[PDB]
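Positions of Cβ are backbone-derived with ideal geometry, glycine not excepted, and every protein chain shown enters the neighbour counts. Each value in this text was obtained by applying a stated rule to the coordinates, not by laboratory testing.
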Amino acid sequence: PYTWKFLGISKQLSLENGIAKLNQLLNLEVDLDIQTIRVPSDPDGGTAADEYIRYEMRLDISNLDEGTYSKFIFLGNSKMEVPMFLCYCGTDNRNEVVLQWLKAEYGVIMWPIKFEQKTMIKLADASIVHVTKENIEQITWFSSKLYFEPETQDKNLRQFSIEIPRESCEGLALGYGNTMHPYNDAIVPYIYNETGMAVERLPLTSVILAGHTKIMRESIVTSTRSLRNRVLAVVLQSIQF
Amino acid sequence: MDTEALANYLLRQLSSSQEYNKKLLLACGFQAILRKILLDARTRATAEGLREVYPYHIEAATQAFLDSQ
Amino acid sequence: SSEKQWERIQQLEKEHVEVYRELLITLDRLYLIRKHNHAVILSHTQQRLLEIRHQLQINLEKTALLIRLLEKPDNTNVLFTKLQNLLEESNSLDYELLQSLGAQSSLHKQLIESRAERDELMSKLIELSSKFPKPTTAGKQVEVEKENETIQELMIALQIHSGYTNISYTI
Amino acid sequence: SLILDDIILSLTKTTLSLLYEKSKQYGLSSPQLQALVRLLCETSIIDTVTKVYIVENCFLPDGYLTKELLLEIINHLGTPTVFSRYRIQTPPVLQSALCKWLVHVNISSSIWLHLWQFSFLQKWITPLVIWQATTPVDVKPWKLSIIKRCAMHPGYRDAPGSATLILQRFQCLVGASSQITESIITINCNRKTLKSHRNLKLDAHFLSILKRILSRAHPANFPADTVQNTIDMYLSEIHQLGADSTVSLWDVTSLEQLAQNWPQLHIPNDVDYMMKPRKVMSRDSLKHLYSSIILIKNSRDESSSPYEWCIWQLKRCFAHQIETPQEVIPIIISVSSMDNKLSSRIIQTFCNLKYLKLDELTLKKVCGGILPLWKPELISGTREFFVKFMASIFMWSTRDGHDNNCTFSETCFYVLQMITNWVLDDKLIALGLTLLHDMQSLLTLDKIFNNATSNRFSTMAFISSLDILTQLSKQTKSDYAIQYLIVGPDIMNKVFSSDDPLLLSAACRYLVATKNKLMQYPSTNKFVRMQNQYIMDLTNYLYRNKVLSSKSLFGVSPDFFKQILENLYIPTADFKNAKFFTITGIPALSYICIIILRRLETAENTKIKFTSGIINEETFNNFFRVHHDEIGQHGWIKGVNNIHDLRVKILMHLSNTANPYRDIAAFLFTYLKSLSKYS
Amino acid sequence: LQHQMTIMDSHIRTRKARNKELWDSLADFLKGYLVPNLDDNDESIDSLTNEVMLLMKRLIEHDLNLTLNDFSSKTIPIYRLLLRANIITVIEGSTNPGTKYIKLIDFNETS
DNA sequence: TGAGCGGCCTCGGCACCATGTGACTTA
DNA sequence: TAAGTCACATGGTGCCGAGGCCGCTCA
C-alpha cells in the first residue's frame, strides 16, 4: 500500500552533483542510486535509443514503514521532448521540501501527471512484465479488475466494474497469440467484442491487479516496495508532447 | 458535553462558587476513575492479546480496583 | 410536433441551397467545357466573376419571390409569419455588432499605448540595471536569535496567562 | 462623528438610541471604538443583552483598525487568575460576541493562539488564527503541540472539529513540519462538526450595514466591491479547506525594499511558484511584478526563465497535459503580449498547422493575446510566413465541410488588428497593407463567405478591414502608394452583390473615404476611373433603377440581367423591371426601409399605415389609390408625394444618430447632385 | 530607482539590542507586576526575584538539571502559571522516579 | 418571512474477500 | 538455508439503516 505520486520535470537534471547541498539542508545523508536501464528490450518496442537513467533517491533513516521510507524515483532520457519525470511514495513532509529544493536549485517546471485510459491500459500492460536476474522477461499473470465510475444524468449508473480472473486473462492472451502487451491486444479487444464497451473511451478510474498493484488516474499504489522499469518507461512516454 | 455539564449532572443528583469548585473537583476525580479503569482494561486486553476490550475485562479490572479501595 | 416540422424543413432548406449552389457551379463549368474542349484552367479573375454572377442570381431570386409572398399580406400562411420572424431576428443585432467592434478597437488602442509605455519602461530599467555595481561568526548568531525567539514567546505567554492588563508588541 | 464620542463621554436610554442611530448613519473612528469598548468592558451597570446588542449593532469601523484597538481589546479578553485578581471578570458571552465581531472585521499570531486555549472563545478564535497563518514559516512544532494538546483535551466542545480545521489549514499551507495527518487521525473522524465549522455565517444584515457605512466612508479607500471580494475570499479560505547580506526576491514585501538592495538582490530559480498566483505585505503581495523583475535583473535574451516558462506551459496546453488550460493562458498572454522577443518566438514556434491540429481553441486564444500587439523585428519574410499560416488554417477549416467553424475568420480579425497596429506606425506600413490585401483576398472566397451559406464572422472581418482602410485613408502625413487602397474590382463588385446591410454600409464608407482622399489626386488615373466605376455601379444598383440602360452592372452586361428576369414569374406585371432594383429592392435593405417607414408613421402619429409589406412603385401607387382623399388632406408622412420623395424621407431617417447605417445615406447624399442639398 | 541612483552617486546590533530589551522588559515585568501580585516573601520582592531569574535563565538555556526540587513554595504559583501556558514538558525522570524533569518545548524548530 | 420535503451523506455495524507475517515443514 | 503449506489476525471494499443538516421551496 505505497501510493506513488507522479510529477514531470521540464529539464534533464543531473543528481550526482549538488546532492551534498540537499544533504546539508536536510541534515541527513540520502542514498542516491544510479542505474542505466534499457526498458524496451523487445525488438518490436524499439532497438535504438532505449537507454534511460534511473535515480533512486531515498531519505534513509530507519526501515519500519513509509513514514521513514518515502522513496524518490527519477527516470530520464535526453532524446525526448520532455526529458525527466519523478515519482515518490510515502507521506513524509520532507518530500515537498525536496521538491522545493529541486525547483529552486535546478530551475525546473514541475506539474502533476494524469493518466488517460489508454495510458492506464499500457501501465497495466507494463506492470506484469518482470525482469529476471538471468536477463529474461516474465509475464506474471494477475486477476485484473477494470473499475469504472461513469457520470450519467440523475446518477443512473454511478459505477460499474469488470472483473477478469487470472486464468481467463492468460487464456485470452494465449488465444490472441505470443504478445507482450496482453491487456491492450487481447483483454480489451475481447471486452469490446463481447460487451460492446470501448474501455479506452469509457471513464476508467482504476484497474486493480489483485495482490500486486492498483493504478489510478492520478496515483499508482503498489504492494511491492518499488516500481518496475516498464511502468516508469510507459509513464515517460505518457507525458511526451 | 463539557465537564461543567457533568458538574450540572452531579448538582441535580444532589438536589455557591466554592461548592461549584468542589463539584468541579469531584467531576475531575470521576474522570480520573474512568481513565484509570479504561487504562487497566487496555492493560489486561493487551496481556491477553485482544486489540479491543470486553465487559469481562473491565469488570475484572474494576473489581481489582475496588478491592484495593 | 410543429418543432419537428421546423427542424425538418430546416435541414431540407440547407440541403436545398447547397445542392442548388453546386448545381449552378457544375452547370456553368459544364457550359465552359462544352463550348471549349478542355479549358478548365480559368484564372482567379474569371472564377470570381462566375462567383459574382452566382451571387447576383441567388439574391435576385430571393428578392424575386420575396416580391411574390410579401406583396399582399395574407396574415394566415405560417410561411408569412416565418418571414417576419426571420427578418426581425436578422435586423435585431445589427447595431450591437458595430458597437462591440468599436469598443474593442478602442481597447486595442489602449493595448497599443500600454505596450509602448511598458517598452519605454523596460528600456529605461535595462539601462539603469546595467549601471548598478555587481553583487558582492554566525554560529552564535543563530543561537542568540533562537534565544530571542524563546524569550519573546515566553514573554507573550506570561503576559497573556497571568492576566496582565497591558499587552503590547515588545520587540 | 462628534455625536458618537459625545455620547461616549456622556456615558462616562436616549443616549443608547442616539448612539445606535449615529452608528447606523456614520460609524465610529478607531479611537472612538477604543473608548467605546473601554467603557463597555470596565463597567457592569449596562445590561448584558444591551452589551451584545451594542457589539453586534453599534461597533462599525470607518477605516483601518489600528494596532492599539487590538491591544486594548486583548487586555479585555483575559481572565482573572492567581496573579491578577483586582480586575473584574469580563462576561464570557461578551468575550465571545466581541470575538465574533472581530471575525466580522509573528507576535500577534502567538497572541491569538494563546487565547485559543479559552474554551468559550474557540468558536471564533479559529478564523483569526487561520487568517493570520499566511506563510509556511509561521507554523512550528510547538504550535502543533499546543493545538493537539488542547484539541484532544477533555472538557471542551468545539476543540476537536475546529482544531482539526486548524491542522488542515496548516497541512494545506506549509507542506513541512513533519507529517501531521496522523495527528488529524487521532482527533475526531466524524466529518460533521468540522463540516459545520468550515462554513461560517457573519450576519449578512450586519455585513450590509457595514457595507453601506463603509461606502459612505472614504473615497478610493475600501470601495464596496473590493471589500465584498476580500470578505468572500477570507470566507472561501475557510470553505476550501477540505482539499542575510543579500535579500531574496520572495522576502521583498514593499517597493521601498527594492531600492536600497537592487545590486544586492538575488533572483531565485523558483519560476513555477512566482508565476502562478491581502492587506499584509508578504511574498505574494508583490507577485505581479516578479516576471518583469527577472527580465530586468537578467538582461533580456531568449534564454531567460519567464520565456522558458511561457513556452513550456503553452506546449503543455497544446499537448493537453494541463487539466485546466484556462488558468495559465491569461498568465502567458499577460507576460507575452509585451516583450517582443517572447511574442515573436511564440509566433515562430506555434503559429503553424501542426499546433493548430493539436488544439485550435488555445491557439485562437494565444492569437488573440499575442498577434494584436506584435511588431516584427525582421520585415522581410513576415508576409510569406503569414500567407502560409493563413492558407494552412483556411485549408484546415475548409476541409471539414462545416461552415460553422470560425477559427480562420477569428484569427483573421486578430491579424487585421495587428495590421492596425502596424499602420499606426509610419514604418513597415506597406507590409501591413499588402497583408491586408491578402486577407481581403482570402475572406471573399466562396467557400466560407457565400450568398447561400452565410458567415457573419467573415463579414465582421471584412468590415473590420474596411474600417482600417477608412482610418488609413484619413492620414495625410504618410506618403503611402496609391495602389494600396484599391482591392481590385473583383472584391468590390462581389461585396456589393452580397446582401449584408452592415457590409454594404462599410463599403459605402470605404468609397466615401477613398474618394475624399482621391479628390486631390489627378482626375484621370488607373484607379480614379476604377472608383468612378464602383460608384456608378453602386448608385445604379441602389437608387437609379436604370440597370438595363447601363453598359454593365458589376462587370455583367444587363442582357443576362434581363434574361434572369425572363422566366421569373411575378404575381403582378405592372412595373416588373424597376420594382426591386432600388433601396427598397435590395435584399438586405428591403425590410429595413419598411421598418423605417413604420417608425416614421409612428413618429408623426399617422392614422394610416402602409398595409403592403413591400415598398415599390406599384404598391405606392395602389396605396395612394386606395386612400386618395385621406392622403390628400392629412394622416401620413408630410412633404412626400412620390416614391422618390419617400426614398429621400427614408434616407433622412437613416442619417439620424440611431442606426449603424449612416454611411449609405451619406453615400447617396454625396454622389448625387439631386441629393447634394440634404447633406 | 532614479532616486536611489542619485543617492548612491554621493544586522547584529539590533539583534543584541532586542535581546537586552527583552531581558530588561522581563526584569521590569517580574520586579513590578508578577512578584508584587504574588506578594510573597514578606514583600521582599527582589530576594525571591533573584531565584526567579535563576530559574528563567536555566529554562532559556535549557538546563537538563531542572526539576521540581529547586522550585520553592513561593514559586509554586509561578510554576502553575507556566504549566497553564502549555509550553513546558512535564516528564518524570526514569533514573529518579518522583523527580519531574522540566524544560520548555522547542520554540525554534522547523521540522 | 417560515415551515418542509428530498438528495446528500456520514456514522457505523455487518458481511465478505483480501492480505501480510510468524510458525512450521521440505529440500 | 530457499521455498512451500498453514492458520491466524488485521486490512479493506461494499452495503445499508438511521439521522442529521442542507437546499432550496413554496405560501
Q | Qualifying positions in region D:411-457 - assigned to a helix (DSSP H, G or I), β-branched (V, I, T) and within 9 Å of another protein chain (Cβ to nearest Cβ) | A | D:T420
Q. What pairs can you find where one residue is in region A:201-218 and within 17 Å of A:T3 (Cβ to Cβ), the other is surrounded by 16 or more Cβ atoms within 10 Å (Cβ to Cβ) and of a type in the set (F, W, Y), and their Cβ atoms are less than 6 Å apart, with a gap of 6+ or different chains?
A. A:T205/A:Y147; A:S206/A:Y147; A:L209/A:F142; A:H212/A:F142; A:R217/A:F115
Q) When only residues in region A:1-45 that are small (G, A, S) and within 14 Å of chain D (Cβ to nearest Cβ) count, which is nearest to DNA strand G (Cβ to nearest atom)? A) A:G8
(Q) Just checking, does region D:461-470 include any residue being away from chain C (no Cβ under 14 Å) and either within 22 Å of C:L56 (Cα to Cα) or touching a helix residue (DSSP H, G or I) at 6+ places or on another chain (Cβ under 8 Å) (or both)? (A) no
Q: Output the qualifying pairs, or none if there are none: Cβ atoms under 7 angstrom, residues six or more apart or on different chains, first residue in region D:397-408 and within 21 Å of D:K354 (Cβ to Cβ), second residue of a type in the set (D, E).
A: D:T407/D:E360
Q) Give me the pairs: first residue in region B:40-55 and more than 14 Å from chain D (Cβ to nearest Cβ) and part of a helix (DSSP H, G or I), second residue among the acidic types (D, E) and within 12 Å of DNA strand G (Cβ to nearest atom), beta-carbon distance under 9 Å, and six or more apart or on different chains, which are they? A) B:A45/B:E52
Q. Restricted to region D:336-357, and to residues that are farther than 30 Å from D:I296 by Cα and surrounded by fewer than 16 Cβ atoms within 10 Å (Cβ to Cβ), which residue is nearest to the other protein chains (Cβ to nearest Cβ)?
A. D:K354
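Each row is one residue, and each column tells you yes or no for (1) closer than 30 Å to D:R157 by Cβ; (2) within 16 Å of DNA strand G (Cβ to nearest atom); (3) within 27 Å of the chain's Cα centre (by Cα).
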site	(1), (2), (3)
D:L202	yes, yes, no
D:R212	no, no, yes
D:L235	yes, yes, yes
D:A259	no, no, no
D:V280	no, no, no
D:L289	no, no, yes
D:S292	no, no, yes
Q: Read through the list (1) in a loop (DSSP other than H, G, I, E, B); (2) small (G, A, S); (3) within 10 Å of chain D (Cβ to nearest Cβ), then give the number of the only condition that C:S92 fails.
A: (3)
Q: Kindly indicate whether D:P277 is assigned to a loop (DSSP other than H, G, I, E, B) and in contact with a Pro (Cβ under 6 Å, 6 or more places away or on another chain).
A: no
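Yes/no per residue for (1) within 14 Å of chain A (Cβ to nearest Cβ); (2) out of contact with any helix residue (DSSP H, G or I) (no Cβ under 7 Å at 6 or more places or on another chain); (3) within 16 Å of DNA strand G (Cβ to nearest atom):
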| residue | (1), (2), (3) |
| --- | --- |
| D:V174 | yes, yes, no |
| D:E182 | yes, yes, yes |
| D:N190 | no, yes, yes |
| D:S208 | no, yes, no |
| D:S215 | no, no, no |
| D:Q240 | no, yes, yes |
| D:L265 | no, no, no |
| D:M274 | yes, no, no |
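How about region D:143-172: which of its residues are closer than 28 Å to E:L82 by Cβ and within 14 Å of chain A (Cβ to nearest Cβ)?
Scanning region D:143-172 gives D:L144, D:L167, D:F170.
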Q.
Just checking, does region A:128-146 include any residue being more than 18 Å from the chain's Cα centre (by Cα) and away from DNA strand G (no atom under 16 Å from the Cβ)?
A. yes
Q. Considering only region D:267-281, how many residues are closer than 30 Å to D:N221 by Cβ and surrounded by 14 or more Cβ atoms within 10 Å (Cβ to Cβ)?
A. 1
Q) If you take just the helices (runs of 4 or more DSSP H) that sit entirely in region D:38-141, which of them hold at least 2 residues that are more than 14 Å from chain C (Cβ to nearest Cβ) and surrounded by fewer than 17 Cβ atoms within 10 Å (Cβ to Cβ)? A) D:48-57, D:92-104
Q: Select from region A:157-211 the residues that are buried (at least 17 other Cβ atoms within 10 Å of the Cβ) and within 16 Å of DNA strand F (Cβ to nearest atom) and write down the one among them that is farthest from A:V39 (Cα to Cα).
A: A:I162
Q. Pick from D:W250, D:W309: which is assigned to a loop (DSSP other than H, G, I, E, B), surrounded by 13 or more Cβ atoms within 10 Å (Cβ to Cβ) and within 11 Å of chain A (Cβ to nearest Cβ)?
A. D:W250
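So that you can scan it fast, the table gives a plain yes or no per residue for (1) part of a helix (DSSP H, G or I); (2) at the interface with another protein chain (Cβ under 10 Å from one of its Cβ atoms); (3) of a type in the set (K, R):
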site: E:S72; (1), (2), (3): no, no, no
site: E:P77; (1), (2), (3): yes, yes, no
site: E:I91; (1), (2), (3): no, no, no
site: E:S94; (1), (2), (3): no, no, no
site: E:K103; (1), (2), (3): no, no, yes
site: E:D106; (1), (2), (3): no, yes, no
